[PDB]
């Protein structure tokens, strides 16, 4: 049972699977574990574990949001709020992790979350491409293959870019083309990505009240359960914005939704889920089903003789 050993669960799958076909736990605003201020954490904090611990808990999709604070520097951010570290820290942690667990792959979403400092001359995509993706420091770290729909075998030991920066000149990863990903605001939507090779289906209704959010998540989970198309990629965000008045913290919200969705997954048996992106990945509450574990265990192991 895969969720008992979350450190190396991908290494247990058939490596011929497309990443799209693997049920992957992701963490929303992954780098926000740095916040400790109780007032701002109500709304700005979405994770309590650091990157390495999230990886050890089985998280393989990371939602990194950035701001260029100088021409050679991307700082990790929740909108205007600095999260106390730069992109190099996540890349070093993933590198160390993928070294220790060389048959896992990590998907890293990269998005601009705030306006650059006015002294910055370069676009966010130029900075990411020149100072990180092409940095010789990260030489064997990213997926650099030409397969628009790569398999686990092809991406073992690497970070596969998931591009939310807009058009890019990077040629590997999801949305790595000059058009990027057209991302609809506060919605469930579909858009063709990678010069038309893949159909990307997103639930990102980040302003929904609880009942409407649960239905949007279940709706996309139901679509996935009956869809074995390899060229369809599902990204299903359980996270919502905390609200300044409608005070129910991201943590309170996650304590409702994560177990509710975990229980539905568990009842559906082993069936395709897509990539489910959660707040407080790995945070357990006694007597509640755990969303990360149930995502992991929803992957079907075909039984071969040894």
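Numbering follows the first chain given and starts at 1.
Enquirer: Taking the mean of the C-alpha B-factors per stretch from the entry, tell me the winner out of 147-155 and 85-93.
Expert: Per the PDB entry, the higher value belongs to 147-155.
Enquirer: Higher mean Cα B-factor in the deposited model: 38-46 or 58-66?
Expert: Comparing 38-46 with 58-66, the higher mean C-alpha B-factor belongs to 38-46.
Enquirer: Using the entry's values, work out which of 226, 163, 75, 203 has the largest Cα B factor.
Expert: Answer, based on the entry's C-alpha B-factors: 226.
Enquirer: Among 168, 197, 109, 188, where is the Cα temperature factor highest, going by the PDB entry?
Expert: Of the candidates given, the C-alpha B-factor peaks at 197.
Enquirer: Residue 250: which third of its chain by C-alpha temperature factor?
Expert: Residue 250: CA B-factor falls in the middle third of its chain.
Enquirer: Which third, lowest, middle or highest, does the CA B-factor of residue 131 fall in along this chain?
Expert: Highest third.
Enquirer: Would you please rank residue 16 by its C-alpha temperature factor against the other modelled residues of its chain and give the third it falls in: lowest, middle or highest?
Expert: CA B-factor rank for residue 16: highest third.
Enquirer: Which third of the chain does residue 120 land in by C-alpha B-factor: lowest, middle or highest?
Expert: Highest third, going by the recorded CA B-factors of the chain.
Enquirer: Place residue 175 in the lowest, middle or highest third of its chain's C-alpha B-factors, as listed in the PDB entry.
Expert: Within its chain, residue 175 is a lowest-third residue by C-alpha B-factor, going by the deposited values.
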